[PDB]
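Everything on this sheet refers to the single structure shown next.
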Ligand SMILES: CC1(C)S[C@@H]2[C@H](NC(=O)[C@H](N)c3ccccc3)C(=O)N2[C@H]1C(=O)O
């Protein structure tokens, strides 16, 4: 199964599917120990998943590039998704996301 | 519907759902005039969607950020998806992506 279509679970976790969290430019940086171990089996996965784009919105919203390099041909992307700072749930949404962003720094 | 969960189609097209294509960091750059007007109705949409990330992959592969600002809050994302050059339609995939990346610059 191609990487971008994979689904992390406890049986095939975030490290297994998507590699060690870390600081380098195309290394993923999201997930505390719990989410890394659990993937989509994490009990608050739906709270995170609400921010993930549809395929339509991924190619609609993103800045897309294509790079040909010694490692192969890559589809590059950047973008931003705006939260609803008016939502009463907003504060708890930020905390949850901040909890996973760069969490790897605090453990081996 | 939240922007990231929208699905463009001929009845609700890329521009209506995700704004004009353009050079700005908040705009998208992807799609020629056929893709913009048809969205997921686009004849080659399946061949573009194959490179769009699953919710697990979006959070597993991407460099994720949170910009909490007095004027609004955004989940940031960047990354790279390698193409499969062993795929029989690799060359067609490269030609397809080339037709849409930044196509807006030519529009009459
Ligand atoms: C003449 C071609 C452009 S169509 C044919 C096929 N490539 C395809 O696009 C394929 N059948 C197809 C997939 C999806 C939608 C529509 C068509 C192939 O190979 N050919 C090209 C060529 O080499 O010149």
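Across peptide A:64-76, what mean number of C-beta atoms from other chains lies inside 10 Å of a residue's C-beta?
5
Over segment B:38-108, what is the mean sequence separation of C-alpha contacts under 8 Å (at least six apart), divided by residue count, expressed as relative contact order in percent? List each step's numbers first, then the result.
Values: 35 pairs, mean separation 15.9, N = 71.
RCO, segment B:38-108: 22 percent.
According to the square roots a ≥ b ≥ c of the eigenvalues of the Cα gyration tensor, what is the shape class of the protein assembly as shown, taking rounded for a/c under 1.5, prolate for a/b larger than b/c otherwise, and oblate for the remainder? Please list the in-between numbers first.
Values: a/c = 1.88, a/b = 1.28, b/c = 1.46.
In terms of gyration-tensor shape, oblate.
For the pair residue B:47 and residue A:105, how long in nm is the line joining their label points, each one 7 Å along Cα→Cβ?
4.3
Within 10 Å of each Cβ of A:15-21, how many other protein chain Cβ atoms are there on average? Numbers along the way, then the final one.
Values: counts 1, 1, 5, 6, 2, 0, 1.
Across the residues of A:15-21, the mean count of other-chain Cβ atoms within 10 Å is 2.
Assume the label is 7 Å from Cα along Cα to beta carbon: what separations in nm does residue B:98 have to the matching positions in the other copies?
Its label point is 4.6 nm from the equivalent points in the other copies.
Segment A:11-108: D in µm²/s via Stokes-Einstein (Kirkwood Rh, Cα pairs, 10 °C, 1.306 mPa s)? Mind dumping the intermediate values first?
Details: Rh = 15.4 Å.
The diffusion coefficient I find is 103 µm²/s.
Between residue A:7 and the same site in the other copies, what are the distances in nm, shortest first, taking label points 7 Å from Cα along the C-beta direction?
In ascending order, 1.7 nm.
Give the nm distances, rounded to one decimal, from residue A:84 to the matching residue in every other copy, measuring between label points 7 Å along Cα toward the beta carbon; shortest first.
Sorted ascending, the copy-to-copy spacings read 3.8 nm.
Do the sum for chain A: with -39,500 (n - 2.57) for every DSSP H run of n ≥ 4, divided by all residues, what is the mean residue ellipticity at 222 nm, to the nearest 500 deg cm²/dmol? Numbers along the way, then the final one.
Numbers: 5 runs with 34 residues, N = 108.
The per-residue figure over chain A is -7500 deg cm²/dmol.
Between A and B, which A residue has the Cβ nearest their rotation axis, distance in Å?
A:78, 2
Based on alpha-carbon centroids, what's the gap between segment B:18-88 and segment A:18-35 in Å, whole number please?
20
Peptide A:42-52: average number of partner chain Cβ atoms within 10 Å per residue? Don't jump to the answer; show the numbers that get you there.
Values: counts 0, 0, 0, 3, 1, 0, 6, 5, 4, 9, 12.
Neighbouring Cβ atoms belonging to other protein chains average 4 per residue here.
For chain B, modelled as a GNM with alpha-carbon contacts under 10 angstrom, which of B:97, B:75, B:35 fluctuates the most?
Ranking B:97, B:75, B:35 by mean-square fluctuation puts B:75 first.
Among A:62, A:71, A:54, which one shows the highest mean-square fluctuation when chain A is modelled as a Gaussian network with alpha-carbon springs under 10 Å?
The residue that fluctuates most here is A:71.
Cut-off 10 angstrom, C-alpha nodes, Gaussian network model of chain B. Which of B:94, B:14, B:68 fluctuates the most?
Comparing B:94, B:14, B:68 in the GNM, the peak value goes to B:68.
Every residue, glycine as well, gets a Cβ built from its backbone with ideal geometry; the counts of neighbours run over all protein chains shown. Every read-out reported here was derived from the displayed coordinates using simple, explicitly stated rules and does not represent laboratory data.
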